[PDB]
2 protein chains.
Amino acid sequence: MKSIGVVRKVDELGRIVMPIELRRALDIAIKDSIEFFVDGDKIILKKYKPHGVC
Amino acid sequence: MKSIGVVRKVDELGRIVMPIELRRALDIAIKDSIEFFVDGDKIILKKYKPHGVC
């Protein structure tokens, strides 16, 4: 149970379902843009347009 | 371009495709487990089995 407290089980390829919370928190509509970071044993997500920088 | 430097376009619901990098990073096999955190304008991912705690 994290901030969103939601867990997903991978499709197969690694495709999962990010929640409305993510869309709300960020700026997601239907196709948007999410770019990820990986920190050791952690993953990070951002909307591409905002931030701009890595 | 983040650590992975890959960006995804949402399916419609918010479903996107997390990469093999994430599977390698954590412990993803086919269904595995990914639980996310949201920090202001950021998202965080973990495999549920490891960590245990939030």
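What the entry reports as its method is solution NMR.

A. Summary view of the side chain of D32(B). Residue placement: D32(B) occurs in the loop between helix 1 (20-25) and strand 3 (34-39). With no salt bridge to any partner, buried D32(B) finds its closest opposite charge in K47(B), at an N-O distance of 5.8 Å. In terms of polar contacts, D32(B) uses its side chain to reach the backbone amide nitrogen of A29(B), at 2.7 Å. Those residues in contact with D32(B) that lie beyond four places of it in its chain are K9(A), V10(A), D27(B) and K47(B).

B. Geometry of the relation of the copies chain A and chain B. Mapping chain A onto chain B is achieved by rotating through 180° and translating by 0.0 Å along the same axis, at an RMSD of 0.1 Å. The transformation just described matches what one would write down for a two-fold rotation axis. Residue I44(A) of chain A places its C-alpha closer to the rotation axis than any other residue of that unit, at 2.2 Å. Of the interface residues in chain A, 98% have counterparts in chain B that sit at the interface too, so the contact is made through matching surfaces.

C. Expanded view of the pattern of salt bridges. Residues and elements named next belong to chain A. Per the counting criterion, the structure on display carries 10 salt bridges over all chains. With its nearest N and O atoms 2.9 Å apart, the salt bridge here joins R24 to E21. Within this pair, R24 and its partner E21 are both found in helix 1 (residues 20-25), separated by 3 residues, close to a single helical turn. The class for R24 is exposed, based on a relative accessible area of 62%. Take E21: its relative accessible area is 27%, and that puts it in the partly exposed class. A salt bridge links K47 to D27, with the nearest nitrogen and oxygen atoms 2.7 Å apart. Placement of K47 in strand 4 (residues 42-47) and of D27 in the loop between helix 1 and strand 3 (34-39) is noted, with a sequence separation of 20 residues between them.

D. Spotlight on the interface of chain A and chain B. Contacts between chain A and chain B engage 44 residues on the former and 43 residues on the latter. Both faces considered, chain A and chain B share a buried interface measuring about 4,200 Å² in area, 62% of it formed by carbon and sulfur atoms. When the area that chain A buries against chain B is broken down by residue, the three leading residues are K2(A), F36(A) and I43(A), summing to 18%. Joining chain A to chain B, the criterion identifies 0 salt bridges. Where chain A meets chain B, there are 24 residue pairs in polar contact. Breaking the side of chain A that touches chain B down by element, the ones donating at least two residues are strand 1 (6-8), strand 2 (15-17), helix 1, strand 3 and strand 4 of chain A. Of the residues belonging to the side of chain A that touches chain B, the class tally is 25 nonpolar, 6 polar and 13 charged. In terms of strand pairing, strand 4 of chain A meets strand 4 (residues 42-46) of chain B through 3 bridges, oriented antiparallel. When the bridges of strand 4 of chain B are listed, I44(A) appears paired with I44(B).

Definitions and limits used
- Residues numbered from 1 in each chain as written, not as in the entry; some residues may be left out.
- Chains lettered and ligands numbered in written order.
- Heavy atoms only, no water.
- Helix = DSSP H or I, 4+ residues; strand = E, 2+ residues; numbered from the N terminus.
- Buried < 20%, exposed > 50% of the residue type's maximum accessible area, 1.4 Å probe, protein only.
- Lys, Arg positive; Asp, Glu negative; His and termini not counted.
- Salt bridge = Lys/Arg side-chain N within 4 Å of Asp/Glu carboxyl O.
- Polar contact = N/O pair within 3.5 Å; in protein donor to acceptor, adjacent residues only side chain to side chain.
- Contact = heavy atoms within 4.5 Å.
- Least-squares fit on C-alpha atoms.
- Buried area = accessible area lost by both parts, 1.4 Å probe.
- Nonpolar A, V, L, I, M, F, W, Y, C, P; charged D, E, K, R; others polar.
- Pairing = 2+ DSSP bridges.

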